[PDB]
Amino acid sequence: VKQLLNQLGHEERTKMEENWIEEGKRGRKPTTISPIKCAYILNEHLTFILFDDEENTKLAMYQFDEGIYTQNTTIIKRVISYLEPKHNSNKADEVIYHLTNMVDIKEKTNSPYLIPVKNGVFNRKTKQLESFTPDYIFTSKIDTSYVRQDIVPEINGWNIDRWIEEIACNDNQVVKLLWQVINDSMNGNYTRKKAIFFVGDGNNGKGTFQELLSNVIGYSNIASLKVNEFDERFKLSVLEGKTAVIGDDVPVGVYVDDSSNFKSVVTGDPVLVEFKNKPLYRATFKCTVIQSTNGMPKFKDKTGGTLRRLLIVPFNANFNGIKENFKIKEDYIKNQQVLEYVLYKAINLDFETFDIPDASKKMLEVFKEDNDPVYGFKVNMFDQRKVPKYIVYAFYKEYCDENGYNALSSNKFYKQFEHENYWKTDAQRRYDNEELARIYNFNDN
Amino acid sequence: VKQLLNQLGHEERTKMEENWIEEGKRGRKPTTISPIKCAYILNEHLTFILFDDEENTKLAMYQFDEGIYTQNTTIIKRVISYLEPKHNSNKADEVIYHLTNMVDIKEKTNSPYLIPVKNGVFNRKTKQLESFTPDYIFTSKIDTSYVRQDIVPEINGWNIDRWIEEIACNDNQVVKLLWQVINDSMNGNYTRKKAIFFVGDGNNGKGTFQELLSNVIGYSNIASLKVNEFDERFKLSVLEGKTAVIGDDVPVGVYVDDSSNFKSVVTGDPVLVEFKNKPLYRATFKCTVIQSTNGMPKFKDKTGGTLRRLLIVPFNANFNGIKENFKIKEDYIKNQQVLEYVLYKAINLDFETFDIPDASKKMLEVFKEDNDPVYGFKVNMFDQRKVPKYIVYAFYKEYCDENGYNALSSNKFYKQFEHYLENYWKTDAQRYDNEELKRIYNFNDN
Amino acid sequence: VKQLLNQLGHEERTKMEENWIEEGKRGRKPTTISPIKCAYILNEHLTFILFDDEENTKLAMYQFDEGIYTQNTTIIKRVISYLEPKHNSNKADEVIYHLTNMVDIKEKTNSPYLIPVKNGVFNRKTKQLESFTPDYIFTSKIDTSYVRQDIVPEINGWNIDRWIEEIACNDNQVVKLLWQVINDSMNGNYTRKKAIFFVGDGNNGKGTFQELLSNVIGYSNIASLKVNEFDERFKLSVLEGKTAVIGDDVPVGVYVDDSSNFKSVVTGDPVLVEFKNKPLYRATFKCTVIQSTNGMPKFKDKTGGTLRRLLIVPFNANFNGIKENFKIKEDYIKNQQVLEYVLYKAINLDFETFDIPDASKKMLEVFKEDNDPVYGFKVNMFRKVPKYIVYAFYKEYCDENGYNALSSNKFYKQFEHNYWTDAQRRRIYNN
Ligand SMILES: Nc1ncnc2c1ncn2[C@@H]1O[C@H](COP(=O)(O)OP(=O)(O)NP(=O)(O)O)[C@@H](O)[C@H]1O
Ligand SMILES: Nc1ncnc2c1ncn2[C@@H]1O[C@H](COP(=O)(O)OP(=O)(O)NP(=O)(O)O)[C@@H](O)[C@H]1O
Ligand SMILES: Nc1ncnc2c1ncn2[C@@H]1O[C@H](COP(=O)(O)OP(=O)(O)NP(=O)(O)O)[C@@H](O)[C@H]1O
Ligand SMILES: [Mg+2]
Ligand SMILES: [Mg+2]
């Protein structure tokens with residue numbers, strides 16, 4: 001558009017000179033296009049919009065070669081210079097202000113069925129690639145291109161699908177879940193209301209998968225934030241325009257005092273976000289969370305909420321014992337063809353919701369037992385009677401041998417609420433004080 | 001008004017051109033309307049007001065299409081451009097300043113009987129919809145149109161009334177309370193002084209009901225702020241223009257050490273509000289508070305006044321299994337017809353105070369024992385006399401067998417303050433004849 | 001004054017046009033009054049003063065209709081626009097600067113016997129209502145007119161005096177104290193060196209009385225600051241230009257670690273006020289403090305000063321039932337007749353010190369026992385030589401979950417009060 005703008009500026013200056021010649025030598029050779037006329041020409045021959053009618057909304061320009069509207073001031077300034085190079089910063093700002101006054105108001109397309117990709121928009125309803133148009137209002141797009149694939153790319157005899165199988169210890173459910181996780185991380189307007197956790201005992205390829213995701217998706221489109229940092233002030237502000245958020249390494253067994261922000265982000269509920277020395281507001285973040293960590297973080301809520309939000313991926317394979325192929329994480333996942341194929345395969349597959357692998361359900365139960373001492377006690381109870389409350393207490397098996405703090409006669413109510421037998425009241429099996437509950441009995445008669 | 005101002009343009013400019021022609025070629029062919037004349041034309045042909053005479057207050061323009069006064073400088077500058085496009089930003093500011101000097105002073109309409117709606121203004125005294133007029137001064141309105149509704153809209157064979165009944169587990173009192181809450185949430189000038197709390201274990205529709213409210217009401221008319229965040233600095237500033245505040249998820253058992261701002265916002269009491277790098281001032285907030293959480297948070301204030309303000313709504317419906325429908329939260333209640341019907345029904349019904357369901361009273365009592373250990377001990381006392389005051393303070397029967405914190409014999413007055421039952425105050429000298437002090441004496445024979 | 005300034009501007013513009021005509025057509029014809037001439041005209045006709053000679057102090061203008069000097073630059077710029085509509089913000093600032101250079105300096109009228117009221121100034125010594133004049137320098141006034149009242153105004157069969165009696169649970173001392181509190185709150189230049197605290201639990205009407213006070217007085221004339229908010233940054237800037245400060249709900253039993261600013265504000269003690277990124281300065285605040293809360297918060301200092309500064313008002317009536325009438329706090333206290341009668345009754349009442357009710361003295365003693373464990377011990381202990389036995393760790397902290405001392409500061413108990421000596425006599429049920 002540089003040539004077109006230079007050309008239009010040339011005839012505009014020529015017309016101004018002709019009018020000055022007709023009117024006589026009085027305007028001392030006017031050679032600079034007035035900012036209002038410059039804005040008129042730009043609006044006529046380019047696509048400028050305004051995202052919102054709110055105060056100090058920055059004007060957006062449609063980059064034809066990129067297909068996404070940009071609010072970057074310097075790009076617009078360069079465009080002005082293309083039309084009129086003699087305007088300084090103040091006159092270009094005046095042109096921008098005039099354009100802001102002229103252009104119409106259009107909201108960004110937040111349709112979950114449309115995903116911006118480098119080649120163009122992708123429609124999930126038709127599962128088809130559509131060329132970039134100014135009608136589709138996007139501010140960012142997936143870095144990697146989208147072309148039809150027929151064979152699995154291989155570099156130096158290394159296959160991406162074989163690596164995916166190797167990551168999951170050759171489990172169809174886990175590789176399917178990983179592909180679904182990639183596909184969900186691609187979508188920014190839809191969240192699926194699940195939290196993805198990667199657990200790793202060592203060199204399990206977790207970081208390699210994180211870098212693969214950060215490469216297939218735009219590196220700018222991804223945010224970095226851990227679970228324990230969600231409640232911290234100004235941390236949520238990084239989730240503004242990011243397609244997904246990745247926690248690189250959550251500390252092992254970290255304690256989250258409050259996860260209200262984390263749960264709200266996971267379920268897509270609106271949340272209060274503030275910037276540094278900026279007014280507070282509320283926004284809805286549909287970006288998915290993907291946290292890679294060793295072990296498993298411990299939550300404070302201890303309720304069914306965090307149980308329903310979370311999803312765990314085993315990542316059992318250990319590549320530390322096998323020879324480490326640094327080229328996989330440094331070269332192979334950065335190859336254009338591999339990212340292309342990954343993007344194509346992930347975008348084509350369709351699923352309404354995450355399908356939990358059988359390994360994840362066992363891992364979810366393990367997390368439930370470890371986080372909640374009461375549930376772990378109930379699972380490992382193996383007791384036969386039911387009436388004696390203090391026998392049921394039994395000091396809870398030395399805090400389930402995991403020294404997790406447990407209350408008296410209050411967590412008993414929590415246990416009975418959590419869990420056929422219900423409660424029984426007998427005067428011959430209770431109030432005997434056989435044990436003054438340290439405790440070594442397991443089962444009585 | 002764009003057409004009207006454009007017609008006003010090229011006419012005043014024509015007038016200046018003719019005057020310059022008559023006076024001779026001396027003014028270099030003036031073509032820009034002077035900012036003062038621009039302000040005169042705008043004041044004559046539009047409605048600009050000033051909310052108050054305070055320092056550097058912002059001019060307000062009546063949007064004829066929207067029907068609400070706005071202080072957004074961008075819209076005003078766009079209108080000025082509609083009149084005189086060639087004005088710079090500084091010239092637009094000059095026009096705004098001249099208008100500020102010229103226009104009159106009128107206060108915002110804050111009568112509780114008038115509710116701004118997308119379609120018009122609803123009058124509760126006459127229960128009627130009236131067209132937008134510049135006389136009514138509103139800065140925001142409900143984003144749902146008000147239309148006459150006779151048949152409940154069904155989308156994909158799904159009924160909103162049936163969903164409301166399901167959320168309440170088919171309880172008439174609870175559905176009535178939910179409708180009353182919907183009605184109260186959209187009134188920005190009347191508070192009823194009740195703190196609505198949604199309690200549920202999981203997948204109970206708490207979040208669905210909250211974003212349903214955020215849909216029927218304007219999204220920008222809702223402020224997201226939790227109970228524990230009321231007293232943090234700069235947080236109250238979000239309540240400036242919002243008709244309701246919604247706490248998406250209050251952490252379970254969070255200790256609210258200070259409740260002054262929250263209690264003030266619940267009632268019609270004024271509060272000190274401060275913006276970021278802006279002078280502090282005093283404002284009254286009538287927005288209703290609605291908080292959804294998994295269990296009632298612990299409040300430091302054990303006094304009766306904190307308890308009376310709180311209201312608790314049971315969400316006892318379970319949708320954890322295959323019964324869950326994503327379309328309900330994501331699609332169905334974003335439908336325009338459903339929102340219109342909900343707005344109509346909520347606006348129509350009239351009441352003076354919340355009708356407390358029986359289940360709410362039970363849960364309010366339960367939270368009363370949970371928050372106040374002495375009240376919990378009294379409820380679980382069953383010790384019938386009470387002359388030996390020392391056995392009564394047996395760590396209040398070891399926290400009535402639970403856990404907590406106790407004061408050392410300074411809570412004696414608290415027991416009488418909580419209740420007197422029927423024995424009132426009873427202490428006799430002969431007391432010392434009972435053996436001192438552990439769980440053997442849970443009976444009245446003493 | 002709009003008509004006068006419009007006429008003055010028109011005649012000045014005509015005179016300038018005549019001068020341009022007689023001097024010949026030189027350049028563009030003058031049509032805008034120069035800022036210096038505009039300032040000259042404004043100074044000649046209007047009334048502009050300067051409160052002090054400090055750095056960049058703001059010019060004050062006397063509003064003839066309002067009767068009070070204002071420093072609001074918006075009003076001054078509107079007046080300038082009345083005189084000269086063609087001046088933008090910079091030219092109005094130039095006019096204001098010229099006026100600041102010209103006008104004389106007069107201090108604010110801070111006479112405790114003069115109270116600015118919407119009808120006019122009120123002379124307490126004369127007990128009269130004097131009309132507004134520019135001679136009296138005031139920056140704010142009570143938003144309720146002062147009219148002579150003879151018969152109590154009743155709205156919907158509801159009496160303000162009967163409601164006041166109901167709030168006090170039918171106690172003459174308490175209603176007298178409440179009227180005295182209203183009178184003290186209205187006066188902004190006299191402090192009486194007492195802190196008013198509304199102590200009551202559950203529904204009592206403390207907030208209703210506070211709203212009545214904020215209604216009879218100007219709403220903008222009331223500051224909002226709880227006792228615990230006094231000592232942090234930028235909070236005192238709210239107190240500037242306010243006749244009284246009201247704390248809506250102090251947290252129950254809040255720990256007031258720092259009370260220096262609160263004590264300074266309670267008395268006439270000067271204090272350093274700071275604005276947000278504005279030149280901080282020293283100032284004296286005479287506004288009275290009124291706080292409402294459930295129970296009496298305890299102070300760290302627990303000394304004589306906080307005891308003598310504090311005053312406690314009983315709110316024992318409960319309306320937590322069908323007795324509650326919302327219209328009392330929503331509509332009844334907003335009635336203009338009721339507010340006018342309340343203002344008349346309060347301002348005509350005269351006194352020099354607060355009349356302490358007997359119940360207030362009892363609660364003051366109770367708070368002294370609660371905040372200071374030593375005095376609670378002294379009250380509870382109802383011989384002389386034995387100090388160790390009477391100590392006994394405050395006889396086991398007098399059963400209040402307190403913390404004791406090392407038996408060295410315990411003898412400060414004879415400060416509150418063991419007449420002095422045996423040589424052989426110097427948990428436990430036990431004096
Ligand atoms: N097939 C393979 N795929 C990926 N990495 C491999 C493979 N075989 C060996 N490796 C090596 O295994 C290591 C995996 O690195 P990385 O995935 O960052 O580890 P991690 O411990 O999971 N990282 P992190 O998530 O931050 O804790 C690197 O040294 C790789 O070179
Ligand atoms: N009557 C209903 N039938 C089926 N699904 C429903 C019904 N009501 C709500 N849902 C769905 O239940 C899901 C969860 O509702 P939501 O209110 O977000 O949960 P929540 O109660 O906030 N969960 P939690 O924070 O963990 O306690 C949403 O997808 C709703 O669409
Ligand atoms: N004499 C009265 N008779 C009946 N109702 C009254 C009376 N005085 C006040 N009320 C009402 O009682 C309520 C008092 O609320 P308010 O004064 O804000 O709180 P409070 O009673 O001081 N404390 P709290 O109950 O914790 O909010 C309002 O509804 C008043 O209209
Ligand atoms: Mg929820
Ligand atoms: Mg109150």
# chains A, B, ... in the order shown; residues from 1 in each chain; ligands from 1
call {"tool": "residues_near_ligand", "arguments": {"ligand": "ligand 3", "cutoff": "8 Å", "atoms": "only C-alpha atoms and all ligand atoms", "output": "ChimeraX atom specification"}}
result
/B:263,267-269,304-306,308-309 /C:163-164,166-167,200-210,292,294,318-320,323-330
call {"tool": "select_by_dssp", "arguments": {"residues": "stretch 195-322 of chain A", "states": "strand (DSSP E or B)", "output": "number ranges by chain"}}
result
A: 195-199, 222-224, 244-250, 255-256, 271-273, 281-283, 288-293, 298-299, 310-313
call {"tool": "residues_around", "arguments": {"residues": "residue A:147", "least_positions_apart": "5", "cutoff": "12 Å", "atoms": "only C-alpha atoms", "output": "PDB file with N, CA, C and O atoms, in the first residue's frame"}}
result
ATOM      1  N   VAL A 117      -5.371 -17.892  11.645  1.00  0.00           N
ATOM      2  CA  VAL A 117      -4.152 -18.621  11.325  1.00  0.00           C
ATOM      3  C   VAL A 117      -3.379 -17.793  10.306  1.00  0.00           C
ATOM      4  O   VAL A 117      -3.938 -16.933   9.625  1.00  0.00           O
ATOM      5  N   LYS A 118      -2.071 -18.056  10.215  1.00  0.00           N
ATOM      6  CA  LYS A 118      -1.201 -17.250   9.360  1.00  0.00           C
ATOM      7  C   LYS A 118      -1.692 -17.217   7.918  1.00  0.00           C
ATOM      8  O   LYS A 118      -1.712 -16.154   7.287  1.00  0.00           O
ATOM      9  N   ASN A 119      -2.092 -18.369   7.375  1.00  0.00           N
ATOM     10  CA  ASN A 119      -2.660 -18.382   6.031  1.00  0.00           C
ATOM     11  C   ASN A 119      -3.969 -17.607   5.977  1.00  0.00           C
ATOM     12  O   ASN A 119      -4.215 -16.856   5.025  1.00  0.00           O
ATOM     13  N   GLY A 120      -4.818 -17.775   6.983  1.00  0.00           N
ATOM     14  CA  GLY A 120      -6.099 -17.106   7.004  1.00  0.00           C
ATOM     15  C   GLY A 120      -6.945 -17.631   8.145  1.00  0.00           C
ATOM     16  O   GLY A 120      -6.472 -18.384   8.996  1.00  0.00           O
ATOM     17  N   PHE A 122      -9.754 -19.832  10.044  1.00  0.00           N
ATOM     18  CA  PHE A 122     -10.240 -21.202   9.973  1.00  0.00           C
ATOM     19  C   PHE A 122     -11.608 -21.265  10.629  1.00  0.00           C
ATOM     20  O   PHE A 122     -11.768 -20.839  11.778  1.00  0.00           O
ATOM     21  N   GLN A 128     -13.021 -25.302   7.429  1.00  0.00           N
ATOM     22  CA  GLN A 128     -12.467 -24.836   6.166  1.00  0.00           C
ATOM     23  C   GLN A 128     -11.643 -23.574   6.375  1.00  0.00           C
ATOM     24  O   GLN A 128     -11.902 -22.783   7.284  1.00  0.00           O
ATOM     25  N   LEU A 129     -10.647 -23.390   5.512  1.00  0.00           N
ATOM     26  CA  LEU A 129      -9.801 -22.206   5.551  1.00  0.00           C
ATOM     27  C   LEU A 129     -10.389 -21.122   4.658  1.00  0.00           C
ATOM     28  O   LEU A 129     -10.652 -21.356   3.474  1.00  0.00           O
ATOM     29  N   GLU A 130     -10.589 -19.939   5.230  1.00  0.00           N
ATOM     30  CA  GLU A 130     -11.122 -18.784   4.527  1.00  0.00           C
ATOM     31  C   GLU A 130     -10.064 -17.693   4.482  1.00  0.00           C
ATOM     32  O   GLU A 130      -9.340 -17.474   5.460  1.00  0.00           O
ATOM     33  N   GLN A 336       9.651 -26.045  10.514  1.00  0.00           N
ATOM     34  CA  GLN A 336       8.403 -25.482  10.004  1.00  0.00           C
ATOM     35  C   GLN A 336       7.416 -26.573   9.608  1.00  0.00           C
ATOM     36  O   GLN A 336       6.213 -26.446   9.858  1.00  0.00           O
ATOM     37  N   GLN A 337       7.901 -27.646   8.980  1.00  0.00           N
ATOM     38  CA  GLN A 337       7.000 -28.698   8.516  1.00  0.00           C
ATOM     39  C   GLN A 337       6.352 -29.436   9.682  1.00  0.00           C
ATOM     40  O   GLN A 337       5.165 -29.781   9.623  1.00  0.00           O
ATOM     41  N   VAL A 338       7.116 -29.700  10.743  1.00  0.00           N
ATOM     42  CA  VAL A 338       6.564 -30.393  11.904  1.00  0.00           C
ATOM     43  C   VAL A 338       5.468 -29.557  12.551  1.00  0.00           C
ATOM     44  O   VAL A 338       4.387 -30.065  12.877  1.00  0.00           O
ATOM     45  N   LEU A 339       5.727 -28.261  12.740  1.00  0.00           N
ATOM     46  CA  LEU A 339       4.714 -27.373  13.298  1.00  0.00           C
ATOM     47  C   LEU A 339       3.502 -27.282  12.382  1.00  0.00           C
ATOM     48  O   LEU A 339       2.362 -27.231  12.855  1.00  0.00           O
ATOM     49  N   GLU A 340       3.735 -27.257  11.070  1.00  0.00           N
ATOM     50  CA  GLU A 340       2.644 -27.224  10.102  1.00  0.00           C
ATOM     51  C   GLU A 340       1.735 -28.437  10.265  1.00  0.00           C
ATOM     52  O   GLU A 340       0.507 -28.309  10.358  1.00  0.00           O
ATOM     53  N   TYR A 341       2.335 -29.627  10.300  1.00  0.00           N
ATOM     54  CA  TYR A 341       1.562 -30.857  10.430  1.00  0.00           C
ATOM     55  C   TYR A 341       0.833 -30.907  11.766  1.00  0.00           C
ATOM     56  O   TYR A 341      -0.324 -31.342  11.839  1.00  0.00           O
ATOM     57  N   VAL A 342       1.502 -30.481  12.840  1.00  0.00           N
ATOM     58  CA  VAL A 342       0.868 -30.471  14.154  1.00  0.00           C
ATOM     59  C   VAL A 342      -0.341 -29.548  14.153  1.00  0.00           C
ATOM     60  O   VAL A 342      -1.417 -29.908  14.646  1.00  0.00           O
ATOM     61  N   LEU A 343      -0.187 -28.350  13.582  1.00  0.00           N
ATOM     62  CA  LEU A 343      -1.300 -27.412  13.499  1.00  0.00           C
ATOM     63  C   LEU A 343      -2.463 -28.013  12.726  1.00  0.00           C
ATOM     64  O   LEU A 343      -3.614 -27.949  13.170  1.00  0.00           O
ATOM     65  N   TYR A 344      -2.174 -28.610  11.569  1.00  0.00           N
ATOM     66  CA  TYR A 344      -3.228 -29.172  10.732  1.00  0.00           C
ATOM     67  C   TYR A 344      -3.975 -30.285  11.461  1.00  0.00           C
ATOM     68  O   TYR A 344      -5.213 -30.282  11.530  1.00  0.00           O
ATOM     69  N   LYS A 345      -3.231 -31.234  12.034  1.00  0.00           N
ATOM     70  CA  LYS A 345      -3.858 -32.367  12.705  1.00  0.00           C
ATOM     71  C   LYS A 345      -4.666 -31.914  13.914  1.00  0.00           C
ATOM     72  O   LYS A 345      -5.772 -32.409  14.154  1.00  0.00           O
ATOM     73  N   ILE A 347      -6.037 -28.929  14.431  1.00  0.00           N
ATOM     74  CA  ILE A 347      -7.175 -28.091  14.075  1.00  0.00           C
ATOM     75  C   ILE A 347      -8.279 -28.920  13.434  1.00  0.00           C
ATOM     76  O   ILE A 347      -9.465 -28.591  13.554  1.00  0.00           O
ATOM     77  N   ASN A 348      -7.920 -30.009  12.747  1.00  0.00           N
ATOM     78  CA  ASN A 348      -8.947 -30.792  12.068  1.00  0.00           C
ATOM     79  C   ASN A 348      -9.788 -31.600  13.050  1.00  0.00           C
ATOM     80  O   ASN A 348     -11.004 -31.731  12.870  1.00  0.00           O
TER      81      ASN A 348
END
call {"tool": "residues_around", "arguments": {"residues": "residue B:430", "least_positions_apart": "4", "cutoff": "12 Å", "atoms": "only C-alpha atoms", "output": "list in words"}}
result
residues 385, 386, 387, 388, 389, 426 and 434 of chain B
call {"tool": "closest_atom_pairs", "arguments": {"of": "chain A", "to": "ligand 1", "cutoff": "6 Å", "atoms": "only C-alpha atoms and all ligand atoms", "output": "JSON lines"}}
result
{"residue": "A:163", "atom": "CA", "partner": "ligand 1", "partner_atom_place_in_ligand_line": "1 (N)", "distance": 5.7}
{"residue": "A:202", "atom": "CA", "partner": "ligand 1", "partner_atom_place_in_ligand_line": "21 (O)", "distance": 4.7}
{"residue": "A:203", "atom": "CA", "partner": "ligand 1", "partner_atom_place_in_ligand_line": "21 (O)", "distance": 3.7}
{"residue": "A:204", "atom": "CA", "partner": "ligand 1", "partner_atom_place_in_ligand_line": "22 (O)", "distance": 4.4}
{"residue": "A:205", "atom": "CA", "partner": "ligand 1", "partner_atom_place_in_ligand_line": "17 (O)", "distance": 3.4}
{"residue": "A:206", "atom": "CA", "partner": "ligand 1", "partner_atom_place_in_ligand_line": "22 (O)", "distance": 3.7}
{"residue": "A:207", "atom": "CA", "partner": "ligand 1", "partner_atom_place_in_ligand_line": "17 (O)", "distance": 3.4}
{"residue": "A:208", "atom": "CA", "partner": "ligand 1", "partner_atom_place_in_ligand_line": "17 (O)", "distance": 4.1}
{"residue": "A:248", "atom": "CA", "partner": "ligand 1", "partner_atom_place_in_ligand_line": "26 (O)", "distance": 5.9}
{"residue": "A:249", "atom": "CA", "partner": "ligand 1", "partner_atom_place_in_ligand_line": "26 (O)", "distance": 5.6}
{"residue": "A:292", "atom": "CA", "partner": "ligand 1", "partner_atom_place_in_ligand_line": "25 (O)", "distance": 5.5}
{"residue": "A:319", "atom": "CA", "partner": "ligand 1", "partner_atom_place_in_ligand_line": "9 (C)", "distance": 4.6}
{"residue": "A:320", "atom": "CA", "partner": "ligand 1", "partner_atom_place_in_ligand_line": "12 (O)", "distance": 5.6}
{"residue": "A:323", "atom": "CA", "partner": "ligand 1", "partner_atom_place_in_ligand_line": "9 (C)", "distance": 5.5}
{"residue": "A:324", "atom": "CA", "partner": "ligand 1", "partner_atom_place_in_ligand_line": "9 (C)", "distance": 3.4}
{"residue": "A:325", "atom": "CA", "partner": "ligand 1", "partner_atom_place_in_ligand_line": "31 (O)", "distance": 3.8}
{"residue": "A:326", "atom": "CA", "partner": "ligand 1", "partner_atom_place_in_ligand_line": "31 (O)", "distance": 3.4}
{"residue": "A:328", "atom": "CA", "partner": "ligand 1", "partner_atom_place_in_ligand_line": "4 (C)", "distance": 5.7}
call {"tool": "residues_near_ligand", "arguments": {"ligand": "ligand 2", "cutoff": "9 Å", "atoms": "only C-alpha atoms and all ligand atoms", "output": "PyMOL selection string"}}
result
(chain A and resi 193+263-264+267-269+303-309) or (chain B and resi 162-167+199-211+248-249+292-294+315+317-320+322-332)
call {"tool": "interface_residues", "arguments": {"of": "chain B", "to": "chain C", "cutoff": "6 Å", "atoms": "only C-alpha atoms", "output": "compact mmCIF listing (two decimals) with N, CA and C atoms, in the first residue's frame"}}
result
# COMPACT_ATOMS: atom_id res chain seq x y z
N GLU B 55 -15.13 21.14 40.91
CA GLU B 55 -13.98 21.51 40.10
C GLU B 55 -13.74 20.49 39.00
N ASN B 101 -18.66 26.19 30.14
CA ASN B 101 -18.99 27.51 30.66
C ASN B 101 -20.43 27.90 30.36
N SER B 260 -16.14 -3.37 57.47
CA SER B 260 -16.74 -2.04 57.51
C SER B 260 -17.24 -1.61 56.14
N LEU B 272 -16.02 6.05 52.13
CA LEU B 272 -14.89 6.79 51.57
C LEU B 272 -14.31 6.00 50.40
N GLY B 304 -24.71 -9.09 66.11
CA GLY B 304 -25.98 -9.39 65.42
C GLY B 304 -26.15 -8.61 64.12
N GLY B 305 -25.68 -7.36 64.08
CA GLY B 305 -25.89 -6.51 62.89
C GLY B 305 -25.28 -7.10 61.63
N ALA B 407 -12.17 -17.01 74.58
CA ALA B 407 -11.63 -16.07 75.55
C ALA B 407 -11.75 -16.65 76.96
N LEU B 408 -10.82 -16.25 77.82
CA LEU B 408 -10.72 -16.83 79.16
C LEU B 408 -11.70 -16.11 80.09
N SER B 409 -12.90 -16.68 80.18
CA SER B 409 -13.94 -16.27 81.13
C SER B 409 -14.46 -14.86 80.86
N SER B 410 -13.95 -14.20 79.82
CA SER B 410 -14.51 -12.91 79.42
C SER B 410 -15.73 -13.07 78.53
call {"tool": "residues_around", "arguments": {"residues": "residue C:107", "least_positions_apart": "6", "cutoff": "9 Å", "atoms": "only C-alpha atoms", "output": "ChimeraX atom specification"}}
result
/C:50-52,137
call {"tool": "closest_residue", "arguments": {"among": "B:70, B:63, B:224, B:131", "to": "chain A", "atoms": "only C-alpha atoms"}}
result
B:224
call {"tool": "interface_residues", "arguments": {"of": "chain A", "to": "chain B", "cutoff": "8 Å", "atoms": "only C-alpha atoms", "output": "VMD selection string"}}
result
chain A and resid 36 53 to 56 94 97 to 98 101 to 102 258 to 260 264 269 to 272 277 to 282 301 303 to 305 407 to 410
call {"tool": "atom_distance", "arguments": {"atom1": "atom CA of residue C:2", "atom2": "atom CA of residue B:52"}}
result
18.6 Å
call {"tool": "closest_residue", "arguments": {"among": "B:3, B:291, B:228, B:119", "to": "ligand 4", "atoms": "only C-alpha atoms and all ligand atoms"}}
result
B:291
call {"tool": "atom_distance", "arguments": {"atom1": "atom CA of residue C:16", "atom2": "atom CA of residue C:40"}}
result
15.0 Å
call {"tool": "residues_around", "arguments": {"residues": "residue C:123", "least_positions_apart": "3", "cutoff": "6 Å", "atoms": "only C-alpha atoms", "output": "PyMOL selection string"}}
result
chain C and resi 113-114+126-128
call {"tool": "write_last_selection", "arguments": {"atoms": "N, CA, C and O atoms", "output": "mmCIF file, in the first residue's frame"}}
result
data_model
loop_
_atom_site.group_PDB
_atom_site.id
_atom_site.type_symbol
_atom_site.label_atom_id
_atom_site.label_comp_id
_atom_site.auth_asym_id
_atom_site.auth_seq_id
_atom_site.Cartn_x
_atom_site.Cartn_y
_atom_site.Cartn_z
ATOM 1 N N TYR C 113 -18.081 31.905 67.334
ATOM 2 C CA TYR C 113 -19.430 32.388 67.586
ATOM 3 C C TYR C 113 -20.229 32.622 66.312
ATOM 4 O O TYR C 113 -21.416 32.953 66.397
ATOM 5 N N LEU C 114 -19.615 32.460 65.144
ATOM 6 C CA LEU C 114 -20.285 32.648 63.865
ATOM 7 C C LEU C 114 -20.403 31.308 63.155
ATOM 8 O O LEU C 114 -19.405 30.601 62.984
ATOM 9 N N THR C 126 -25.002 36.704 69.945
ATOM 10 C CA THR C 126 -26.230 37.469 69.811
ATOM 11 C C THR C 126 -27.454 36.573 69.643
ATOM 12 O O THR C 126 -28.579 37.034 69.871
ATOM 13 N N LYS C 127 -27.254 35.295 69.313
ATOM 14 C CA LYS C 127 -28.352 34.366 69.035
ATOM 15 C C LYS C 127 -29.255 34.901 67.930
ATOM 16 O O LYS C 127 -30.483 34.841 68.016
ATOM 17 N N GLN C 128 -28.642 35.433 66.875
ATOM 18 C CA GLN C 128 -29.391 36.070 65.801
ATOM 19 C C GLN C 128 -28.918 35.566 64.447
ATOM 20 O O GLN C 128 -27.895 34.890 64.331
#
call {"tool": "residues_around", "arguments": {"residues": "residue A:20", "least_positions_apart": "6", "cutoff": "8 Å", "atoms": "only C-alpha atoms", "output": "PyMOL selection string"}}
result
chain A and resi 26-27+29-30
